[PDB]
Amino acid sequence: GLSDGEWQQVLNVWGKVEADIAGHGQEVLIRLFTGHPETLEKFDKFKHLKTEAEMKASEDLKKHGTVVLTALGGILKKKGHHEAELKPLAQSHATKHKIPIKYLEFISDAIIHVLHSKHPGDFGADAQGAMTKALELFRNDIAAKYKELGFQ
Ligand code: HEM
Numbered sequence: 001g002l003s004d005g006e007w008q009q010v011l012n013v014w015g016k017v018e019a020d021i022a023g024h025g026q027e028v029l030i031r032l033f034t035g036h037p038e039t040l041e042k043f044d045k046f047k048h049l050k051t052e053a054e055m056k057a058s059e060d061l062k063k064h065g066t067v068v069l070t071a072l073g074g075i076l077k078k079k080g081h082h083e084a085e086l087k088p089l090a091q092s093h094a095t096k097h098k099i100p101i102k103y104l105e106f107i108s109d110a111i112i113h114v115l116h117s118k119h120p121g122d123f124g125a126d127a128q129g130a131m132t133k134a135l136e137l138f139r140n141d142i143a144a145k146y147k148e149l150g151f152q
């Protein structure tokens with residue numbers, strides 16, 4: 001649950017992402033894969049990437065970063081009223097991709113890391129607080145759907 005002022009902060013931060021969605025999406029995925037290499041194994045189309053240089057050179061990885069962040073942005077713009085948008089993603093991630101909730105924690109922290117890395121000094125303490133709460137709400141509503149499905 002976020003206040004109006006917190007949502008305003010989230011959507012202000014998101015304007016930074018929308019100015020370069022592919023570059024942000026690329027770096028989020030690279031941070032996830034390099035920090036948590038077990039996550040790479042869930043992607044049949046990226047498991048061939050052995051080095052970060054290959055990850056950086058991959059145009060398909062940048063494309064997928066755009067898909068991921070476009071979906072997240074659509075959810076965030078709903079300010080918590082995201083049941084219709086979140087349900088298919090919870091279902092596909094539990095039943096088809098088999099993504100444990102832990103990996104959604106990993107990517108949430110990776111988003112925070114990338115924002116500080118690309119906007120040092122321009123991602124303030126209030127903005128970090130509000131973005132963190134928004135990603136927690138996203139993860140928590142996914143977790144509720146995971147429990148319904150019995151997925152661990
Ligand atoms: C911010 C969180 C995330 C968002 C919004 C997101 C969004 C999406 C979207 C929109 C798709 C394509 C449609 C679909 O299959 O439902 C996708 C595919 C996928 N997601 Fe996620 N995702 C997230 C986190 C993750 C994480 C943490 C993992 C794994 C560590 C992951 C693994 C996958 C895989 C395996 C695919 C299929 C890729 C394919 O072969 O083309 N997702 N995701």
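123 is the number that the authors' numbering gives to position 123 of the sequence shown; each next residue is one higher, with no gaps.
Heads up, the beta-carbon is just placed ideally off N, CA and C, and yes, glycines get one too.
Which residues in the same chain have their Cβ closer than 6 Å to the Cβ of residue i, if we skip the five residues on either side of it in sequence?
| i | result |
| --- | --- |
| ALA110 | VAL28, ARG31, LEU32 |
| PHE123 | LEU115, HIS116 |
| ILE21 | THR66, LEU69 |
| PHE151 | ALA94 |
Exposed or buried, residue i, counting other C-beta atoms within 10 Å across all chains shown (16 or more means buried)?
| i | result |
| --- | --- |
| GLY15 | exposed |
| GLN9 | buried |
| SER117 | exposed |
| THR70 | exposed |
| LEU49 | buried |
| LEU149 | exposed |
| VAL13 | buried |
| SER108 | buried |
| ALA90 | buried |
| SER92 | exposed |
Assuming residue i and residue j form a contact by the criterion Cβ under 8 Å, report the distance between their Cβ atoms to the nearest whole angstrom.
| i | j | result |
| --- | --- | --- |
| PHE106 | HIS24 | That pair is no contact at about 16 Å. |
| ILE142 | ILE101 | 7 Å |
| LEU137 | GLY65 | That belief does not hold up - the Cβ atoms of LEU137 and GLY65 are roughly 22 Å apart, past 8 Å. |
| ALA94 | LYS145 | 7 Å |
| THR39 | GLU52 | At roughly 14 Å, the Cβ-Cβ gap does not stay under 8 Å, so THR39 and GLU52 are not in contact. |
| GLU6 | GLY73 | Rounded, the Cβ-Cβ distance is 17 Å, inconsistent with contact. |
Near residue i, which residues of its chain fall below 7 Å by C-beta distance, leaving aside the five closest residues on each side in sequence?
| i | result |
| --- | --- |
| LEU61 | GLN26, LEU29, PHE46, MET55 |
| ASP126 | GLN9 |
Considering just the uninterrupted stretch of the alpha helix (DSSP H) at residue i, what are its terminal residues?
| i | result |
| --- | --- |
| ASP4 | 4-18 |
| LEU32 | 21-35 |
| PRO88 | 83-95 |
| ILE75 | 59-76 |
| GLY129 | 125-149 |
| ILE111 | 101-118 |
So, at 8 Å on beta carbons, what are the nonlocal neighbours of residue i in its own chain, with the 5 sequence-adjacent residues on each side left out?
| i | result |
| --- | --- |
| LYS42 | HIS97, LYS98, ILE99, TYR103 |
| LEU2 | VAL10, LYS79, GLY80, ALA130, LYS133, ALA134, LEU137 |
| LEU86 | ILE75, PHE138, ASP141, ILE142, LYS145 |
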